[PDB]
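Visitor:
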Amino acid sequence: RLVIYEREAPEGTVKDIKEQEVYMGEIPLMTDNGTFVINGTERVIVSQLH
Amino acid sequence: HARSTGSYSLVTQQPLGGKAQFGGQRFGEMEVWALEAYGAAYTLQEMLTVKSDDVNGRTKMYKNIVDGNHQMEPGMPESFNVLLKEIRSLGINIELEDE
Amino acid sequence: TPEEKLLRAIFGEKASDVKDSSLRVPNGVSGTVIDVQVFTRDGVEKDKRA
Amino acid sequence: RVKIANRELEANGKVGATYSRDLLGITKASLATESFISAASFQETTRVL
Amino acid sequence: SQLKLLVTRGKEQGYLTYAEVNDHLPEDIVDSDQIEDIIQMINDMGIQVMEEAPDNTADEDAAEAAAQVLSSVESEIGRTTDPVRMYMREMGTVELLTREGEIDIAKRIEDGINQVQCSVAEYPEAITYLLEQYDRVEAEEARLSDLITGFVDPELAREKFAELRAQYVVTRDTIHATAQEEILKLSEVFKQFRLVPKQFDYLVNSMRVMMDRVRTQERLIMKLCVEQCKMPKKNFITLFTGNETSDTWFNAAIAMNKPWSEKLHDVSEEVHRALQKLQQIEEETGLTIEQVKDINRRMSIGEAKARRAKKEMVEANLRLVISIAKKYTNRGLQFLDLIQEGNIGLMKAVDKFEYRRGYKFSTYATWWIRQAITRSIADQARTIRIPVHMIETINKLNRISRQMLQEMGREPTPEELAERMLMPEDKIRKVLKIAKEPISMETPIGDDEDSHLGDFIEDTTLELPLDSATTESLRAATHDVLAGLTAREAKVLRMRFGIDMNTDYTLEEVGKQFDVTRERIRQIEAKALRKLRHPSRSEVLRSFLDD
Amino acid sequence: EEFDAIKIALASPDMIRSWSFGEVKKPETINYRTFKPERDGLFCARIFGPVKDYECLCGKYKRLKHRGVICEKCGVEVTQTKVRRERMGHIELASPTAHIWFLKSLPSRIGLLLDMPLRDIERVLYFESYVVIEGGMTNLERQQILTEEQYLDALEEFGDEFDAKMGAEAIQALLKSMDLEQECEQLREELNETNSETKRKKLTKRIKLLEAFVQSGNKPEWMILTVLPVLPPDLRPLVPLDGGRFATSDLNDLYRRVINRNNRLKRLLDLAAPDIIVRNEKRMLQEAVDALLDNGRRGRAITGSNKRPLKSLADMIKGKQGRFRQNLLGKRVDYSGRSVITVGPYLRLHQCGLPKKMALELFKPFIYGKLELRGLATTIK
Ligand SMILES: [Zn+2]
């Protein structure tokens, strides 16, 4: 939601709120078995310990 | 796995095969220590001059093997020739005396 | 080359312009071709088997 | 080197060189070599070169 | 001493930690480049290794010099390396504004250029050169726009050079009383022309010939009088300045009861030659040697001031160049390459700026800097160089691919870029095949013992040694088959092909040395192929055609 | 060629010219469209020999017999493409440049050959601080370093007989202006008159070094590269990987960088640009070279488009993966095999089993020979 406030205004009256939906990335979903599929092959992300 | 004459590398004329590492077993360093421990030195010379690198040595070895004359004509390893070139690109004039 | 050329002269066998590179089975396996899939760039006319 | 040199010199009439032997670690006794294509296999290559 | 206490604890312990070395550092030197310099001096000497939080042999014999370098870098630092920072230091020493005095510096530059052009207007050889070039150019051997890039319609230009011929005939063929005024009018007219850069280049070139000839005859007069003849500067300046042209200050000098004069007897005719070629160059121009030397020294000093104005303004604007070059830092080209390319573009900007156009300088020169760095990023960044507008197409595809990647939501297809971009639907494919970098052939594919990707790239120039053996075996076999023919037969069939000789031969040379280029050797050949194609003979030869 | 020992010495600029086969002049590598190599870039045809066996680049001469001829179109010697593996190219550097091995090996070879602290030399190269060379019997010694104001003052002190450089030209002047046997005799004096065991100890140390250097065949000014050689074009390849992605080695990158900056520096010098510009350029070229010869020893690898500190010449001999240890001792081996083992007690301890298939693939050449000898098959095919 891109808002632009007016100059001569810290939080003075808003002059535009152009609300548009933007794409970003493709999060590889999880299969029912906790095994993603990244390039055709079934891959698994091992838990880390730090 | 077994490999008699497969493909070869591109920077150093060594064996390199792919298919199931279709290339010779790594005749590493400790094996060279082994052969020097025995007095055997011909087998070493051909283990890294005829069978492996010297890109005229190997084809002459194959011509000899097919023509039933188990000789060998070694030459000089292509890896050491690459080493001469890589030392010489640096300003280090390495040459081989001839006598 | 040399005498290879003499040979082609001797038997007139047209030396082909094409180089064989067919996908031949790896030396050793012995199997049953259970399933053939043919992906195609969509800039080519799909052949008969596809 | 010293033993051949002063041994031949004592073979002639002159006198050699009284030397006091040393003892070196193997990583330090392999560190000195007449030949460098050997000594560049395992040492730091840049310094030998 | 303190870092040397570090070294003694390292000799005793045999290792360190970053807390240790970070604790024994001199209490101001926290340059990460400098920190690495000292850390490498500490490590590489042995102590080895610096060992972050320990808890095997070591090889080194030159630790004493390293220790000395450390104990020297303690008090007075080994200040800076990493030449980006060296350049930052060396350009930051500037009063980094030229506020409304830029036009003063440009006043200075106009001074230099105008002095050199006026001196040129004093110069005979270049005026004669432009007259001779007027003749040649009028001979269809050149454009009227190449000899001159306009003045302040080259037919007007032709009447202009005709005006030059008029002024120069009146000014030259009256050789003092009025000739000076003639040069004055020629001055007033040539001060308003305008030359191509390489035109003033050749102007300066013949003038540099002039100054170099004059200085070399200076050597011919001095090293034949001053150095060769013990001639001091007193009696030499007494007699050089004042004539410098006629031979009245040398051979009259030899008879002057002087030390040098009593020895110049054996340097007489060479000095006569010196002054004679001197007056010969004069003939090439028509003025005294001192006029030439003063004129081109005025030229050289205006030129020095002009170069100096160049240096000064550009070192004022290097801050501008760095700020602007920061913006392209991942085009695939190093920071300092970008900043130097920008400096060159800045130099061209200072080359052709005028205050009589009203621009301000930063807003003006930003464009030149950016355009030059863009030309650079196009021309010498990609390994396999590709032309400029090709990169244009690549940047077009990238902009439109970002835009289509969210306009259509999922991701674009070449069939669709071939209609957003109005390109022919196939240049997009080829551009998308070409525009990618090459992989660093020593890339680690750690998936194995330890390899680099160059270690797998197989070969394809080699011949399979089966092929080598077959070729040799067939050389031998064909040798035997040619043993199955006659001198005419075997020699003709060899020479007809590449058999054990040099490059093959056709019927011309063949029938030449065989005396018949006709159906004669044709019948020989055809019957040869007849007997050879005869089975029970060529069965082995057909066996060499395995298939 | 059963030759001899190996000899090694320094790189005579005449030597590096006579090795070469034609100047490199441009950072182009190939043509992006018809994948022949540009002329005359890091790759080439008129320099490093042809691409295709016994074919010119342009294609004018294409036969085995024509070898020895250089084309009239692009001067490419019709000669085996494996000559593309043994040629070298000089780069006629515009500004002289110091060889990093001989300046960062601890000691400085240039240092203790000049008898000068390493800090002052890295001053004189990187252009922090002028250095006098043969300052005359006026006020100054020889090695005396200076600074900006100090030099610009001393010019006033003596207009002439005042010889102060800075940059690789400075070190090279110091080296060539040096003469060694004078230092040998002065060192013999210092061993005679001066008497303190550390003093005449390092006296013998430096005198041994200097007379050993003169006993060598070398010279002094060969430690300053005037002519850098380029490795050939087939030890630093540009393979076509299947798919347009070319997989180049990294020396192509390094050479292309050093050649870029050499070109640009020649261009700067021609324009008569101001001094800070040329100084930054000579620093940039010095670091490009110092990355080319080692990519190390100098503070930061000029890392490639990875985060990988990109590999370089002394990095292709160094390390357990370099040519010495990794491929000049432990190489692969034709005619071998390997497999899972088993027991088989039915043997005698001088003989092992060996599978039929592995036997037939190890001993292919001997088998071929035995077959065509016994006549059971006409030819090797
Ligand atoms: Zn050609």
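Residue numbers (the entry's author numbering), protein chains in the order written: chain A, 101 to 150; chain B, 1244 to 1342; chain C, 896 to 945; chain D, 1284 to 1332; chain E, 7 to 61, 70 to 166, 213 to 235, 242 to 613; chain F, 15 to 395.
Every residue, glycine too, gets a C-beta built ideally from N, C-alpha and C.
Is DSSP giving C:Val-913 helix, strand or coil here?
Guide: For the purposes of this step, residue 913 of chain C is identified with residue 18 of the third sequence, where counting begins at 1. Note: C:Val-913 maps to coil in three-state DSSP.
Visitor: Can you determine whether any heavy atom of ligand 1 sits closer than 6 Å to the C-beta of F:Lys-87, and answer yes or no?
Guide: In the sixth sequence, residue 87 of chain F corresponds to position 73, counting from 1. Checking every heavy atom of ligand 1 against the Cβ of F:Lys-87, one is found closer than 6 Å.
Visitor: Using the rule of at least 16 other Cβ atoms within 10 Å of the residue's Cβ for burial, across every protein chain shown, is F:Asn-309 buried or exposed?
Guide: Numbered from 1 along the sixth sequence, position 295 holds the residue referred to as residue 309 of chain F. The residue is buried, with at least 16 neighbouring Cβ atoms inside 10 Å.
Visitor: Whether or not the region 31 to 47 of chain F and the region 429 to 443 of chain E are in contact is what I'm after, with contact meaning three or more pairs of Cβ atoms, one per stretch, closer than 8 Å; do they touch?
Guide: No, they do not touch.
Visitor: Going by C-alpha to C-alpha distance, which of E:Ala-226, E:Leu-269, E:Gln-265 sits closest to E:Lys-251?
Guide: Translated into the one-based positions of the fifth sequence, residue 251 of chain E becomes position 185. Of the listed residues, the one whose Cα sits closest to E:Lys-251 is E:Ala-226.
Visitor: Secondary structure at B:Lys-1303, three-state DSSP: helix, strand or coil?
Guide: Within the second sequence, residue 1303 of chain B is the residue found at index 60, counting from 1. Three-state DSSP puts B:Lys-1303 in a helix.
Visitor: By how many angstroms is the C-alpha of E:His-455 removed from the C-alpha of E:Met-474?
Guide: Position 408 of the fifth sequence, counted from the start, is the residue given in the question as residue 474 of chain E. Position 389 of the fifth sequence, counted from the start, is the residue given in the question as residue 455 of chain E. Taking the straight line joining both Cα atoms gives about 27 Å.
Visitor: Under three-state DSSP, which class holds B:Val-1325?
Guide: Here residue 1325 of chain B refers to the residue found at position 82 of the second sequence. Three-state DSSP puts B:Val-1325 in a helix.
Visitor: Starting from E:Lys-251, trace the alpha helix (DSSP H) in both directions and tell me its first and last residue.
Guide: Residue mapping note: residue 251 of chain E aligns to position 185 of the fifth sequence, counting from 1. Its alpha helix (DSSP H) spans residues 245 to 256.
Visitor: If distances are taken between C-alpha atoms only, which option among F:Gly-231, F:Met-130, F:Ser-119, F:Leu-224 comes closest to F:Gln-200?
Guide: Within the sixth sequence, the letter at position 186 stands for residue 200 of chain F. Per the Cα distances, F:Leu-224.
Visitor: For E:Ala-372, tell me which candidate among E:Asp-125, E:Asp-39, E:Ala-81, E:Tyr-228 has the shortest Cα-Cα distance.
Guide: Reading the fifth sequence from its first residue, position 306 is the one you call residue 372 of chain E. Comparing Cα positions, the closest option is E:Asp-125.
Visitor: Name the DSSP beta bridge partners of F:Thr-111, please?
Guide: In the sixth sequence, counting from the first residue as 1, residue 111 of chain F sits at position 97. Answer is F:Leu-239, bridged to F:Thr-111.
Visitor: Quick one: grab the DSSP three-state call for B:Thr-1255.
Guide: Within the second sequence, the letter at position 12 stands for residue 1255 of chain B. Coil at B:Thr-1255, not helix or strand.
Visitor: Any heavy atom of ligand 1 closer than 6 Å to the Cβ of F:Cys-58?
Guide: Taking the sixth sequence and counting its residues from 1, the one referred to as residue 58 of chain F is at position 44. No, Cβ of F:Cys-58 sits at least 6 Å from all heavy atoms of ligand 1.
Visitor: Would the beta-carbon of F:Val-90 be found less than 6 Å away from any heavy atom of ligand 1?
Guide: Within the sixth sequence, the letter at position 76 stands for residue 90 of chain F. Yes, Cβ of F:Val-90 sits closer than 6 Å to a heavy atom of ligand 1.
Visitor: Determine the chain D residues that contact E:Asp-73 at a beta-carbon separation under 8 Å, and present them in chain order.
Guide: Locating residue 73 of chain E in the fifth sequence gives position 59, where the first residue counts as 1. Chain D residues near E:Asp-73: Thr-1310, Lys-1311, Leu-1314, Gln-1326, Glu-1327.
Visitor: Is the distance from the Cβ of E:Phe-563 to the Cβ of C:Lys-900 below 7 Å?
Guide: As a working mapping, residue 563 of chain E is identified with position 497 in the fifth sequence. As a working mapping, residue 900 of chain C is identified with position 5 in the third sequence. Cβ atoms of E:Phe-563 and C:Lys-900: closer than 7 Å.
Visitor: Check the Cβ-Cβ distances between F:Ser-350 and every residue of chain B, and say whether any is below 7 Å.
Guide: As a working note, residue 350 of chain F is residue 336 in the sixth sequence. Judged by the 7 Å Cβ criterion, F:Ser-350 is in contact with chain B.
Visitor: By DSSP's criteria, F:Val-146 is part of a beta bridge. Which residues make up the other side?
Guide: The residue labelled residue 146 of chain F in the question sits at position 132 within the sixth sequence. Partner(s): F:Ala-178.
Visitor: Cβ atoms of F:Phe-57 and F:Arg-101: under 7 Å apart, would you say?
Guide: Working through the sixth sequence from its first residue, we reach residue 101 of chain F at position 87. Working through the sixth sequence from its first residue, we reach residue 57 of chain F at position 43. It is not a contact, given that the beta carbons lie outside the stated cut-off.
Visitor: Compare the C-alpha of F:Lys-345 against each of B:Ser-1247, B:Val-1275, B:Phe-1265 and name the closest.
Guide: By 1-based counting over the sixth sequence, the position of residue 345 of chain F is 331. When each option's Cα is compared against that of F:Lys-345, the closest is B:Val-1275.
Visitor: Considering Cα atoms alone, identify which of E:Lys-557, E:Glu-381, E:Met-489, E:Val-606 is closest to E:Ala-594.
Guide: As a working note, residue 594 of chain E is residue 528 in the fifth sequence. Among E:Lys-557, E:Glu-381, E:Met-489, E:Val-606, the Cα nearest to that of E:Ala-594 is on E:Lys-557.
Visitor: So who's on the other strand from F:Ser-350, going by DSSP bridges?
Guide: Stepping through the sixth sequence from its first residue, residue 350 of chain F is reached at position 336. B:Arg-1246, per the DSSP bridge assignment.
Visitor: Are E:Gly-398 and E:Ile-435 closer than 7 Å when you measure CB to CB?
Guide: Residue mapping note: residue 398 of chain E aligns to position 332 of the fifth sequence, counting from 1. Residue mapping note: residue 435 of chain E aligns to position 369 of the fifth sequence, counting from 1. Not a contact, by the Cβ cut-off of 7 Å.
Visitor: Below 7 Å CB to CB, which residues in the same chain sit around E:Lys-343 once its five sequence neighbours on both sides are set aside?
Guide: Within the fifth sequence, the letter at position 277 stands for residue 343 of chain E. Only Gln-283 meet the Cβ criterion.
Visitor: For C:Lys-900, return the contacting residues in chain E, with the cut-off set at a CB-CB distance below 7 Å.
Guide: Mapped onto the third sequence, residue 900 of chain C falls at position 5. Residues of chain E passing the Cβ test: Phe-563, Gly-564.
Visitor: Could you tell me which whole alpha helix (DSSP H) segments of length 4 or greater appear in the region 192 to 264 of chain F?
Guide: As far as the region 192 to 264 of chain F is concerned, its whole alpha helix (DSSP H) runs of at least 4 residues are 194 to 206, 211 to 229.
Visitor: Measure from the alpha carbon of E:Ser-38 to the alpha carbon of each residue in E:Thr-95, E:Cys-291, E:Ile-53, E:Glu-524, then state which is nearest.
Guide: In the fifth sequence, residue 38 of chain E corresponds to position 32, counting from 1. With distances taken between Cα atoms, E:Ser-38 lies closest to E:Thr-95.
Visitor: Are the CB atoms of E:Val-416 and E:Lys-376 within a distance shorter than 7 Å?
Guide: Position 310 of the fifth sequence, counting from 1, holds the residue named residue 376 of chain E. Position 350 of the fifth sequence, counting from 1, holds the residue named residue 416 of chain E. Yes, these two residues count as a Cβ contact at 7 Å.
Visitor: For F:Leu-285, which residues in the same chain have their Cβ closer than 7 Å to its Cβ, ignoring the five residues on either side in sequence?
Guide: Taking the sixth sequence and counting its residues from 1, the one referred to as residue 285 of chain F is at position 271. The answer is none, since no qualifying residue turns up.
Visitor: Unbroken alpha helix (DSSP H) runs of length 4 or more, entirely within the region 397 to 428 of chain E: which are they?
Guide: Runs of the alpha helix (DSSP H) inside the region 397 to 428 of chain E: 401 to 417.
Visitor: Give a yes or no on whether the minimum CB-CB distance between A:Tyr-123 and chain E is below 7 Å.
Guide: Within the first sequence, the letter at position 23 stands for residue 123 of chain A. Yes - at least one Cβ of chain E is within 7 Å of the one on A:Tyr-123.
Visitor: Within 7 Å of any Cβ in chain E, is that where the Cβ of C:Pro-921 sits?
Guide: Along the third sequence, one-based indexing puts residue 921 of chain C at 26. So, not an interface residue.
Visitor: Would E:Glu-524 pass as an interface residue toward chain F - the criterion being a Cβ-Cβ separation below 7 Å?
Guide: Here residue 524 of chain E is taken as the residue at index 458 of the fifth sequence, counted from 1. Answer no: the Cβ-Cβ gap between E:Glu-524 and chain F never drops below 7 Å.
Visitor: What residues in its chain sit with their C-beta under 8 Å from that of E:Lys-17, if we drop five residues either side in the sequence?
Guide: In the fifth sequence, counting from the first residue as 1, residue 17 of chain E sits at position 11. Correct list, in chain order: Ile-53.
Visitor: For the alpha helix (DSSP H) containing E:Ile-523, name the first residue and the last one.
Guide: As a working note, residue 523 of chain E is residue 457 in the fifth sequence. Counting along the chain, E:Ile-523 falls outside any alpha helix (DSSP H), and DSSP gives it neither H nor E.
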